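Below is protein_17.txt, holding compact mmCIF, N, CA and C atoms and all ligand atoms.
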# COMPACT_ATOMS: atom_id res chain seq x y z
N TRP A 172 114.04 82.07 112.22
CA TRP A 172 113.07 81.29 113.04
C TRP A 172 112.24 80.34 112.17
N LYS A 173 111.59 79.37 112.80
CA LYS A 173 110.80 78.36 112.10
C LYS A 173 109.39 78.88 111.81
N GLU A 174 109.01 79.92 112.54
CA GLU A 174 107.73 80.59 112.38
C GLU A 174 108.02 82.09 112.45
N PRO A 175 108.72 82.64 111.44
CA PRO A 175 109.20 84.01 111.54
C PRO A 175 108.08 85.02 111.64
N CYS A 176 106.97 84.77 110.94
CA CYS A 176 105.87 85.73 110.97
C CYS A 176 105.21 85.74 112.34
N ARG A 177 104.98 84.55 112.89
CA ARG A 177 104.30 84.43 114.18
C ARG A 177 105.11 85.14 115.26
N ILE A 178 106.41 84.88 115.28
CA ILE A 178 107.28 85.53 116.23
C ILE A 178 107.23 87.05 116.06
N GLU A 179 107.36 87.52 114.82
CA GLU A 179 107.32 88.96 114.56
C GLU A 179 105.99 89.57 114.99
N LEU A 180 104.90 88.87 114.70
CA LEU A 180 103.57 89.36 115.06
C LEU A 180 103.48 89.62 116.56
N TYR A 181 103.94 88.67 117.37
CA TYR A 181 103.93 88.84 118.82
C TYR A 181 104.73 90.05 119.26
N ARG A 182 105.91 90.21 118.67
CA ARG A 182 106.80 91.30 119.02
C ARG A 182 106.21 92.65 118.60
N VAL A 183 105.71 92.72 117.37
CA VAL A 183 105.09 93.94 116.85
C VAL A 183 103.90 94.35 117.72
N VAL A 184 103.05 93.38 118.07
CA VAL A 184 101.89 93.65 118.93
C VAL A 184 102.33 94.20 120.29
N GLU A 185 103.37 93.61 120.87
CA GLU A 185 103.92 94.09 122.15
C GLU A 185 104.43 95.53 122.00
N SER A 186 105.17 95.78 120.92
CA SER A 186 105.74 97.09 120.63
C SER A 186 104.64 98.13 120.39
N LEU A 187 103.63 97.75 119.62
CA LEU A 187 102.46 98.61 119.40
C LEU A 187 101.78 98.97 120.72
N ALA A 188 101.58 97.98 121.57
CA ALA A 188 100.96 98.20 122.88
C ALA A 188 101.76 99.24 123.67
N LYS A 189 103.08 99.08 123.69
CA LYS A 189 103.96 100.00 124.42
C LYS A 189 103.90 101.41 123.82
N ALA A 190 103.98 101.50 122.49
CA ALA A 190 103.91 102.79 121.79
C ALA A 190 102.61 103.52 122.07
N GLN A 191 101.51 102.77 122.15
CA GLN A 191 100.20 103.38 122.40
C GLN A 191 100.13 104.08 123.76
N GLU A 192 100.94 103.62 124.72
CA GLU A 192 101.00 104.24 126.05
C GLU A 192 101.41 105.73 126.01
N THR A 193 102.31 106.06 125.10
CA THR A 193 102.91 107.39 125.07
C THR A 193 102.60 108.10 123.77
N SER A 194 101.78 107.47 122.93
CA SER A 194 101.44 107.99 121.63
C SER A 194 100.72 109.33 121.73
N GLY A 195 101.26 110.33 121.03
CA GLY A 195 100.70 111.69 121.03
C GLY A 195 99.47 111.85 120.16
N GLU A 196 99.02 110.75 119.56
CA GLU A 196 97.82 110.73 118.74
C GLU A 196 97.39 109.29 118.54
N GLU A 197 96.08 109.06 118.51
CA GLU A 197 95.55 107.72 118.32
C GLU A 197 95.77 107.24 116.89
N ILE A 198 96.55 106.17 116.75
CA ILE A 198 96.88 105.64 115.44
C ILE A 198 95.85 104.61 115.01
N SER A 199 95.17 104.91 113.91
CA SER A 199 94.06 104.10 113.44
C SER A 199 94.41 103.17 112.27
N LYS A 200 95.65 103.27 111.79
CA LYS A 200 96.23 102.26 110.90
C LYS A 200 97.60 101.88 111.43
N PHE A 201 97.96 100.61 111.27
CA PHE A 201 99.27 100.13 111.69
C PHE A 201 99.54 98.80 111.00
N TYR A 202 100.80 98.39 110.96
CA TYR A 202 101.12 97.13 110.33
C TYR A 202 101.28 96.04 111.36
N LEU A 203 100.44 95.01 111.25
CA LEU A 203 100.63 93.75 111.96
C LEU A 203 100.95 92.70 110.91
N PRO A 204 102.06 91.97 111.07
CA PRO A 204 102.36 90.90 110.12
C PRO A 204 101.15 90.00 109.88
N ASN A 205 100.84 89.74 108.62
CA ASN A 205 99.71 88.87 108.29
C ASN A 205 100.27 87.47 108.14
N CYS A 206 100.08 86.63 109.16
CA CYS A 206 100.74 85.33 109.16
C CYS A 206 99.80 84.25 108.68
N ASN A 207 100.37 83.21 108.09
CA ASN A 207 99.59 82.02 107.82
C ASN A 207 99.67 81.14 109.05
N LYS A 208 98.89 80.07 109.06
CA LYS A 208 98.78 79.20 110.23
C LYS A 208 100.07 78.43 110.52
N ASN A 209 100.95 78.35 109.53
CA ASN A 209 102.24 77.66 109.68
C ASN A 209 103.29 78.56 110.33
N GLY A 210 102.93 79.83 110.50
CA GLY A 210 103.85 80.80 111.08
C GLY A 210 104.70 81.54 110.07
N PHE A 211 104.45 81.33 108.78
CA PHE A 211 105.12 82.14 107.76
C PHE A 211 104.21 83.29 107.32
N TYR A 212 104.65 84.07 106.34
CA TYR A 212 103.91 85.25 105.88
C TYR A 212 103.00 84.89 104.73
N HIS A 213 101.76 85.35 104.79
CA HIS A 213 100.92 85.33 103.60
C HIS A 213 101.62 86.16 102.53
N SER A 214 101.51 85.73 101.27
CA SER A 214 102.09 86.49 100.16
C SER A 214 101.59 87.93 100.18
N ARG A 215 100.30 88.10 100.43
CA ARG A 215 99.75 89.43 100.60
C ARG A 215 99.96 89.91 102.04
N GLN A 216 100.52 91.10 102.18
CA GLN A 216 100.62 91.78 103.48
C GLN A 216 99.86 93.07 103.42
N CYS A 217 98.98 93.28 104.38
CA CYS A 217 98.19 94.50 104.40
C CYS A 217 98.31 95.20 105.73
N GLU A 218 98.32 96.53 105.64
CA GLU A 218 98.17 97.40 106.79
C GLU A 218 96.82 97.08 107.42
N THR A 219 96.79 97.07 108.75
CA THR A 219 95.54 96.96 109.49
C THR A 219 94.92 98.35 109.56
N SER A 220 93.63 98.43 109.27
CA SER A 220 92.92 99.70 109.30
C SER A 220 91.77 99.60 110.30
N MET A 221 91.55 100.66 111.07
CA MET A 221 90.44 100.71 112.02
C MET A 221 89.67 102.03 111.88
N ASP A 222 89.77 102.65 110.70
CA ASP A 222 89.21 103.99 110.51
C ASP A 222 88.32 104.10 109.28
N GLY A 223 88.00 102.95 108.68
CA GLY A 223 87.17 102.89 107.48
C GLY A 223 87.90 103.30 106.22
N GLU A 224 89.22 103.26 106.26
CA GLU A 224 90.03 103.53 105.07
C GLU A 224 90.74 102.23 104.72
N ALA A 225 90.83 101.93 103.43
CA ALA A 225 91.48 100.69 103.03
C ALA A 225 92.96 100.78 103.37
N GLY A 226 93.50 99.74 103.99
CA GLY A 226 94.93 99.69 104.25
C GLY A 226 95.74 99.44 102.99
N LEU A 227 96.99 99.90 102.99
CA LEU A 227 97.93 99.58 101.92
C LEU A 227 98.22 98.10 102.00
N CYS A 228 98.31 97.46 100.84
CA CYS A 228 98.76 96.08 100.74
C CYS A 228 99.90 95.99 99.74
N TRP A 229 100.74 94.98 99.94
CA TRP A 229 101.88 94.70 99.07
C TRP A 229 102.16 93.20 99.11
N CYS A 230 103.12 92.76 98.30
CA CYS A 230 103.42 91.35 98.18
C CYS A 230 104.80 91.04 98.73
N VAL A 231 104.89 89.91 99.42
CA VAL A 231 106.13 89.53 100.07
C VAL A 231 106.46 88.08 99.76
N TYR A 232 107.73 87.73 99.96
CA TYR A 232 108.14 86.34 99.95
C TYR A 232 107.62 85.70 101.23
N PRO A 233 106.87 84.60 101.11
CA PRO A 233 106.30 83.98 102.30
C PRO A 233 107.30 83.55 103.38
N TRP A 234 108.54 83.24 102.99
CA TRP A 234 109.52 82.77 103.97
C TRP A 234 110.20 83.87 104.78
N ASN A 235 110.10 85.12 104.35
CA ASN A 235 110.78 86.19 105.09
C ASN A 235 109.96 87.47 105.29
N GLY A 236 108.83 87.58 104.60
CA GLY A 236 107.96 88.74 104.74
C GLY A 236 108.49 90.04 104.17
N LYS A 237 109.52 89.93 103.32
CA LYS A 237 110.09 91.12 102.71
C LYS A 237 109.41 91.36 101.38
N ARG A 238 109.13 92.63 101.10
CA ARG A 238 108.44 93.00 99.88
C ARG A 238 109.21 92.52 98.66
N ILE A 239 108.49 91.87 97.76
CA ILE A 239 109.05 91.43 96.48
C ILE A 239 109.34 92.65 95.61
N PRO A 240 110.62 92.84 95.22
CA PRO A 240 110.95 93.98 94.38
C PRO A 240 110.11 93.99 93.10
N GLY A 241 109.63 95.17 92.73
CA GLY A 241 108.83 95.34 91.50
C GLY A 241 107.38 94.89 91.59
N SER A 242 106.95 94.54 92.80
CA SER A 242 105.57 94.13 93.02
C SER A 242 104.76 95.35 93.47
N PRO A 243 103.44 95.34 93.21
CA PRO A 243 102.71 96.57 93.48
C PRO A 243 102.34 96.79 94.95
N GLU A 244 102.12 98.06 95.30
CA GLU A 244 101.53 98.44 96.57
C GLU A 244 100.32 99.33 96.30
N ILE A 245 99.15 98.90 96.79
CA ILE A 245 97.91 99.64 96.58
C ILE A 245 97.01 99.47 97.80
N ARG A 246 96.07 100.39 97.97
CA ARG A 246 95.03 100.23 98.99
C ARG A 246 93.94 99.29 98.47
N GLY A 247 94.28 98.01 98.43
CA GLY A 247 93.40 96.98 97.91
C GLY A 247 94.22 95.72 97.76
N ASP A 248 93.58 94.63 97.36
CA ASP A 248 94.31 93.38 97.16
C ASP A 248 95.20 93.51 95.93
N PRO A 249 96.53 93.39 96.08
CA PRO A 249 97.40 93.54 94.91
C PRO A 249 97.39 92.32 94.00
N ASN A 250 96.73 91.25 94.45
CA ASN A 250 96.70 89.98 93.73
C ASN A 250 98.10 89.35 93.66
N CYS A 251 98.64 89.05 94.83
CA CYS A 251 100.01 88.57 94.97
C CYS A 251 100.19 87.13 94.51
FE FE A 301 99.31 82.72 100.84
Output the structure of this file as structure tokens.
Amino acid sequence: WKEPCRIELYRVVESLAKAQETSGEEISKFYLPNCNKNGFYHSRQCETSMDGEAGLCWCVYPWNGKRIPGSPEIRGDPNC
């Protein structure tokens, strides 16, 4: 797609909404694609947190949102 992150974000949000309907426990962290305004992926991708815990972050190729091999994953800005 020309805006792969934007498209994925919409789909993930829809899927999350559906999952929450039947979810056996309230999920307070989840991954929403972190998109730039052009519809691609920010180099940094972070888990969304709603529980006062830092989300995991990792680094991705902006054109596909796939984790860069050998790049770090930490609960903080990995400095991608
Ligand atoms: Fe970026």
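With distances restricted to only N, CA and C atoms and all ligand atoms, A:212 is the closest residue to ligand FE 301 (chain A) from A:212, A:248, A:231, A:218.
If you measure from each of A:214, A:193, A:186, A:205 to ligand FE 301 (chain A) using all atoms listed in the file, the closest one turns out to be A:214.
The nearest approach to residue 234 of chain A among the residues A:206, A:187, A:198, A:176, with only N, CA and C atoms taken into account, belongs to A:176.
If you measure from each of A:247, A:233, A:241, A:175 to ligand FE 301 (chain A) using only C-alpha atoms and all ligand atoms, the closest one turns out to be A:233.
Nearest to ligand FE 301 (chain A) of all the residues A:194, A:199, A:220, A:207 is A:207, based on only N, CA and C atoms and all ligand atoms.
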TODO: Take atom N of residue 219 of chain A and atom CA of residue 200 of chain A and report the distance between them in Å, one decimal.
DONE: 5.6 Å
- [ ] Would you return as a ChimeraX atom specification the members of chain A that DSSP assigns to helix (DSSP H, G or I) on this structure's backbone?
- [x] /A:175-193
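Candidate residues A:249, A:210, A:223, A:240 were compared for distance to residue 172 of chain A, and the nearest is A:210, using all atoms listed in the file.
Across the structure, atom N of residue 182 of chain A and atom C of residue 237 of chain A are spaced 17.7 Å apart.
For the pair atom C of residue 226 of chain A and atom C of residue 178 of chain A, the separation is 21.4 Å.
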Open item on the list: If DSSP is run on the backbone, what residues of chain A are strand (DSSP E or B)? A reply as a count of residues only would be ideal.
Closed with: 15
Task: Contact residues around residue 183 of chain A with all atoms listed in the file at 8 Å, ignoring same-chain residues under 5 positions, as a PyMOL selection string - done: chain A and resi 177-178+188-189+202-204
